[PDB]
């Protein structure tokens, strides 16, 4: 398994560029130059690279420096052919965003954050990004009395709808993807899980161009099923982008390589992205974006090892996932457990609530005790998946 650009593997500049400062220590690696990052990613088989405005252009850079940076960055894209499919804004590192960007209690920080986003959409358009991600990492609180909870959501809506109207107004070919996170850096973040994010989009004026950017480790921090969560987003037509990594449990965000966290969950994630639904339905066709960090204990050889590892993990899982579904023993196990039977409507074509109510066979003369003897054989069906995962079938 060697990745190729058709695999659609994209990586953020901040992933491989992560130098190692954590909350208990300083950087263990030297800064990575962005041009070197592009050359190196391209050589590993990456299709694209993504970034945050301040990942490339310093917060204080002059207009001269911005243009110098962009010129060399664009030259490296040209030299390699790496695309830039998603752009995002840093609304969390500088001290001004300590209470948030869009939901900052201070009004002058809310306008500064939103103006920073609007300018960044212009850069997104210019780079040819299809997706603009919004991760509201400082939107939230440590204490419950800190915020007017209704005002926080009106202010979040205002920012997202202003940005959305702006795209529509300039006719940029871009969609906004919100990225939910339960906590860290705030004690509680607004729109904590896939569900809150999706619910919030339905209250928006320009909801039609706003979708989601779920991250594996983020839903796992609330102990949620990531395949269940992305299935709902997909079902709603709202899975616009995805961030893949590993998390081992509810604890700080680890950002491990995809597959180095909950492996069985990683397998079924890949089955849903690659294979879709057993009875048919929607499919995710976007880039497979790795949002992780190379462990601070490792040197630059480990940084490129880790980038490679993300792509290998995905291709090994993909392989096992295609052999699993293709397996006739598996298809028959699925049929026994009622996987395809769930696809049939409960009601008959034209049957009404009254009809079903008044159908003695479905209720009054129904044998509940006979119906309960059914062996769904979910254990055996799970054993078949693990055996394909273990490369034993």
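Numbering follows the first chain given and starts at 1.
Can you tell me whether 82 to 90 has a higher mean C-alpha B factor than 140 to 148 in this record, or the other way round? The recorded data point to 82 to 90.
Comparing average C-alpha B factors as deposited, tell me which of 189 to 197 and 289 to 297 sits higher. Per the deposited B-factors, the answer is 289 to 297.
Just to confirm, going by the entry's C-alpha B-factors, which of 116, 170, 181, 251 comes out highest? It is 170.
Residue, from 128, 159, 100, 246, that the PDB entry assigns the highest Cα B-factor: That would be 128.
Compared with the other modelled residues in the chain, in which third is the CA B-factor of residue 348? For residue 348, whose C-alpha B-factor we compare with every modelled residue in the chain, the answer is the highest third.
Sorting by Cα B-factor within the chain, modelled residues only, which third would residue 96 end up in: lowest, middle or highest? It falls in the bottom third of the chain.
Within-chain third of residue 73 by Cα B-factor, per the entry: Ranked within chain, residue 73 CA B lands in the highest tercile.
Split the chain's modelled residues into thirds by Cα B-factor; is residue 228 in the lowest, middle or highest one? Its C-alpha B-factor belongs to the lowest third of this chain's values.
Looking at the temperature factor on the CA atom of residue 50, which third of the chain's modelled residues does it land in? It belongs to the middle third of the chain when residues are ordered by C-alpha B-factor.
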